[PDB]
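J.: Read in order, the letters of the sequence shown correspond to residues 4 to 19, 23 to 163, 170 to 443, 454 to 507 in the deposited numbering.
Below: one structure in structure tokens.
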Amino acid sequence: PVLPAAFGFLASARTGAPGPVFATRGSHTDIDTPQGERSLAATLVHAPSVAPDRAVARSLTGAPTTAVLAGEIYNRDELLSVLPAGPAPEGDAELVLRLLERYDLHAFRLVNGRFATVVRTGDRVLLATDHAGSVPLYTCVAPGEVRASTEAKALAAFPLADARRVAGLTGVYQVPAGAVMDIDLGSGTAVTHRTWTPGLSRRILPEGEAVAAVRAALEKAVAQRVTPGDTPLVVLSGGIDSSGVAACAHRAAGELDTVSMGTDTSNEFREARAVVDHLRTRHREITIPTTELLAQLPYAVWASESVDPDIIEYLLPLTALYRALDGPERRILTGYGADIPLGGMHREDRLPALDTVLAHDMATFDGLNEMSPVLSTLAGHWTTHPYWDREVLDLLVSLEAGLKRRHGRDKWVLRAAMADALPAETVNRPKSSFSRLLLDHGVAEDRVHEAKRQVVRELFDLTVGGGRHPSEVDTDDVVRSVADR
Ligand SMILES: Nc1ncnc2c1ncn2[C@@H]1O[C@H](COP(=O)(O)OP(=O)(O)OP(=O)(O)O)[C@@H](O)[C@H]1O
Ligand SMILES: [Mg+2]
Ligand SMILES: [Mg+2]
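See the structure below:
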């Protein structure tokens, strides 16, 4: 029960398909098609150690119905509490089906998870993402057919307003975060409903209550993410975010495994060691050369399916770390995203700008695929991010800026929240090679940024638009080809 029933999928709904090639690593399992050409056909990609059964559910309520879900749901007890009585669902896909029978598409306004799901009921097709669209979902829609996939590359081989076109691709759209698309298969018409939106108002609370609420929310979100009877792995940098996560996860599991990644030009091993000794975790340090780091370029764009150089450059270390892990497939928790709702980049005591940036960030995260599970599952590992849990996120986003920047410290309420579970050093510690290789390739700097965009854009074209494996891509030539422009 350590890994989701499924990591992703390629599904097809025909009112009247070739095998997929994912970036996600694992077994492929085609689900049965009882209604033949009038059902939901799908290929699930999952860990070889997991039967994908809980990722699929069927019913006859309303119509013949088939649901497929990638990922998992965290507020399970709560969702079960609203269901009519007794035979509990076997998996998350069946739970969704039960919820749909009671609330219809509004069921998704209730779910706090890390998932993407496609369900066909009759000639109606629903496509839904979690509140932050942390598990990307893409689609191609035409009168009579709907294809949906957790990877745009699987569709690479009709317009849809309310959904954004995937760069480079043609006719492929990414389903918005926190949304559910209701598509009538017969006409190809879709109506999209948003099921979550960042709060714009701010909450006032004294330090004491603010600090307790933040600790409790994080503890709960982490507990919901750790499998009972299994010690999880936390990618730890010694920063407060990841350390906050590690402290909660240790308490939740009873013990903890951690790992820190460094390069030949820098690392945070010292900072991380302070936490590993304090919590007494089983630690591992990994150092990868800068040259090997930059080699990840095609892999990061291929896995995230992003064309934004700032996102790609940011995901390089994590991609390298996930691919550098040795041993069995792990369930990994990260401290990713805490800086967004908390204004981690804010450097002044003056509060105004903290809210401006915060509001902008929350209004522009969709589409960046920054926390896509493919980042880690490409190496067979599952990652989940407690700070972007819906309840934790809502809470942090809502807090008045004065609780985020307080006593001259950044992200004050989180530091205070973890003050009794980590070394003071860790709690008090206040918060590129890619530019280089470009500069070393005859590229002056006003242009270097646009070069990174052209490099990334090209890799994407080859790996996601074309169909080339990152390994079959010579990054140096791509950089050169762009540099000479
Ligand atoms: N080299 C690395 N080793 C281990 N984990 C890492 C590494 N780089 C990134 N991560 C993970 O990615 C996330 C990105 O975070 P970030 O640079 O913001 O530091 P942090 O641990 O979050 O704390 P802080 O933001 O205050 O520095 C972290 O939460 C961390 O879990
Ligand atoms: Mg950090
Ligand atoms: Mg951080």
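From the three backbone atoms N, C-alpha and C, an ideal C-beta is built for every residue, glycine too.
Grouping DSSP H, G and I as helix and E and B as strand, with all else coil, what is residue 515?
T.: The requested residue 515 does not occur in the structure, where the chain is confined to residues 4 to 507.
J.: Quick one: is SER249 buried, meaning 16 or more other Cβ sit within 10 Å of its Cβ, or exposed?
T.: For the purposes of this step, residue 249 is identified with residue 237 of the sequence shown, where counting begins at 1. Buried.
J.: Taking 7 angstroms as the limit between beta carbons, can you name the residues of its chain near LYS416, skipping five residues before and five after?
T.: As a working note, residue 416 is residue 404 in the sequence shown. The answer, listed in chain order, is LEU354, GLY355, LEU366, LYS423, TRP424 and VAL425.
J.: For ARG335 and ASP83, I'd like the C-alpha separation in whole angstroms.
T.: By one-based count along the sequence shown, residue 335 stands at place 323. By one-based count along the sequence shown, residue 83 stands at place 77. Cα-Cα distance, rounded: 34 angstroms.
J.: Quick one, what's near ligand 2 if you take every residue whose CB is closer than 6 angstroms to any heavy atom, in chain order?
T.: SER249 and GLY251
J.: Based on DSSP bridge pairs, tell me the residues matched to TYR326.
T.: Taking the sequence shown and counting its residues from 1, the one referred to as residue 326 is at position 314. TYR326 pairs with nothing; no bridge assigned.
J.: Along the chain, where does the alpha helix (DSSP H) that runs through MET374 open and close?
T.: Start at 1 with the first residue of the sequence shown, and residue 374 comes out as number 362. From DSSP, the alpha helix (DSSP H) with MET374 extends over 364–375.
J.: Rounded to the nearest angstrom, what separates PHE12 and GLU221 at their Cα positions?
T.: The count along the sequence shown starts at 1 and reaches residue 12 at position 9. The count along the sequence shown starts at 1 and reaches residue 221 at position 209. So the two alpha carbons sit approximately 43 angstroms from each other.
J.: Hey, could you find the ends of the beta strand (DSSP E) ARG282 is sitting in?
T.: Position 270 of the sequence shown, counting from 1, holds the residue named residue 282. Where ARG282 is concerned, there is no enclosing beta strand (DSSP E), although the alpha helix (DSSP H) it sits in stretches over 281–291.
J.: Any idea what DSSP makes of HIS205, helix, strand or coil?
T.: Against the sequence shown, residue 205 aligns to sequence position 193. Note: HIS205 maps to strand in three-state DSSP.
J.: Under 7 angstroms from any heavy atom of ligand 1, does the C-beta of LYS443 make it?
T.: Locating residue 443 in the sequence shown gives position 431, counting from the first residue. Flag set: Cβ of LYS443 near ligand 1.
J.: Does the segment 142–162 come within contact of the segment 178–185, defined as at least 3 CB pairs closer than 8 angstroms?
T.: yes
J.: For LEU133, write down the residues that DSSP places opposite it in a beta bridge.
T.: Here the question's residue 133 lines up with position 127 in the sequence shown. Answer by DSSP bridge pairing, in chain order: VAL124 and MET193.
J.: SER15: buried (16+ other C-beta within 10 angstroms of its C-beta) or exposed?
T.: On the sequence shown, residue 15 is found 12 positions in, with the first residue counted as 1. By the 10 Å Cβ count, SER15 comes out buried.
J.: Between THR201, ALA99 and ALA371, which lies nearest to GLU412 when the distance is taken from Cα to Cα?
T.: The sequence position of residue 412 within the sequence shown is 400, counting from 1. The candidate whose alpha carbon is nearest that of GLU412 is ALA371.
J.: Consider the C-beta atom of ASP373 and the heavy atoms of ligand 3; say whether any pair is separated by less than 7 angstroms.
T.: The residue given as residue 373 occupies position 361 in the sequence shown. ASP373 Cβ: outside cutoff for every heavy atom of ligand 3.
J.: Can we count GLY356 as close to ligand 5, meaning its CB is less than 7 angstroms from some heavy atom?
T.: By its list of ligands, the structure shown excludes ligand 5, since it contains just ligand 1, ligand 2 and ligand 3.
J.: CB-CB under 8 angstroms to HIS471, same chain, minus the five flanking residues each way: which ones, in chain order?
T.: Counting from one through the sequence shown, the residue named residue 471 turns up at place 449. Counting only Cβ-Cβ distances below 8 angstroms, and skipping sequence neighbours, we find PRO321.
J.: Ignore the nearest five residues each way along the sequence and tell me which others in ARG214's own chain have a CB closer than 8 angstroms to its CB.
T.: The residue given as residue 214 occupies position 202 in the sequence shown. Within the same chain, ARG214 has close Cβ partners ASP367, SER410, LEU411, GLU412 and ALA413.
J.: Do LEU111 and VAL56 come within 8 angstroms of each other at the CB atom, strictly closer than that value?
T.: Counting from one through the sequence shown, the residue named residue 56 turns up at place 50. Counting from one through the sequence shown, the residue named residue 111 turns up at place 105. No, the pair does not count as a contact, with Cβ atoms beyond the cut-off.
J.: Helix, strand or coil, according to DSSP, for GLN186 in the structure here?
T.: Residue mapping note: residue 186 aligns to position 174 of the sequence shown, counting from 1. The answer is strand: DSSP assigns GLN186 an E or B state.
J.: Measuring only the C-alpha atoms, how far is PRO40 from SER155?
T.: Against the sequence shown, residue 40 aligns to sequence position 34. Against the sequence shown, residue 155 aligns to sequence position 149. Distance between the alpha carbons of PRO40 and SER155: 21 angstroms.
J.: Which same chain residues end up closer than 7 angstroms to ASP406 when comparing Cβ atoms and leaving out the 5 residues on each side of it in sequence?
T.: Along the sequence shown, read from residue 1 onward, the residue named residue 406 stands at position 394. Once the five neighbours on either side are set aside, the close Cβ partners of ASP406 are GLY211.
J.: Look at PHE456 and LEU306 and say whether their C-beta atoms are less than 8 angstroms apart.
T.: For the purposes of this step, residue 456 is identified with residue 434 of the sequence shown, where counting begins at 1. For the purposes of this step, residue 306 is identified with residue 294 of the sequence shown, where counting begins at 1. Yes, the pair counts as a contact, with Cβ atoms nearer than the cut-off.
J.: Using 8 angstroms as the cut-off, can you tell me whether the segment 278–286 makes contact with the segment 458–470, which would need three or more C-beta pairs spanning the two stretches below that distance?
T.: No: fewer than three Cβ pairs fall under 8 angstroms.
J.: Could you tell me the distance, in whole angstroms, from the CA atom of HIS419 to the CA atom of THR293?
T.: For the purposes of this step, residue 419 is taken as the residue at position 407 of the sequence shown. For the purposes of this step, residue 293 is taken as the residue at position 281 of the sequence shown. Approximately 31 angstroms between the Cα atoms of the pair.
J.: Are three or more beta carbon pairs between the segment 116–126 and the segment 40–52 nearer than 8 angstroms?
T.: Proximity of the segment 116–126 to the segment 40–52 meets the contact definition, three or more beta-carbon pairs being nearer than 8 angstroms.
J.: Taking Cβ positions, are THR270 and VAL288 nearer each other than 8 angstroms?
T.: Locating residue 270 in the sequence shown gives position 258, counting from the first residue. Locating residue 288 in the sequence shown gives position 276, counting from the first residue. Yes; because the gap between Cβ atoms is below 8 angstroms, this pair is in contact.
J.: From this set, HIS262, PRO7 and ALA23, which residue's C-alpha is nearest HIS52's C-alpha?
T.: Position 46 of the sequence shown holds residue 52. The shortest Cα separation from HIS52 among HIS262, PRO7 and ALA23 belongs to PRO7.
J.: DSSP state of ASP401, grouped into three classes?
T.: Here residue 401 refers to the residue found at position 389 of the sequence shown. It is coil, neither helix nor strand.
J.: In chain order, what residues of the same chain have a beta carbon less than 6 angstroms from the beta carbon of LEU328, not counting five sequence neighbours either side?
T.: Here residue 328 refers to the residue found at position 316 of the sequence shown. The residues are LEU305, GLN308 and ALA312.
J.: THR201: buried (16+ other C-beta within 10 angstroms of its C-beta) or exposed?
T.: For the purposes of this step, residue 201 is identified with residue 189 of the sequence shown, where counting begins at 1. Burial state of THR201 is exposed, judged by a 10 Å Cβ sphere holding fewer than 16 other Cβ atoms.
J.: Check this for me: beta carbons of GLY68 and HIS137, under 8 angstroms apart or not?
T.: Mapped onto the sequence shown, residue 68 falls at position 62. Mapped onto the sequence shown, residue 137 falls at position 131. It is not a contact, given that the beta carbons lie outside the stated cut-off.
J.: List the residues that DSSP assigns as beta-bridge partners of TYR109.
T.: Here residue 109 refers to the residue found at position 103 of the sequence shown. Answer is none; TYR109 lacks a bridge partner.
J.: For the segment 137–154 and the segment 386–405, state whether three or more C-beta atom pairs, one from each stretch, are separated by less than 8 angstroms.
T.: yes
J.: First and last residue of the alpha helix (DSSP H) that includes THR299?
T.: As a first step, residue 299 must be located in the sequence shown, where it is residue number 287. First-last for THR299: 294–300, but that is the beta strand (DSSP E), not the alpha helix (DSSP H).
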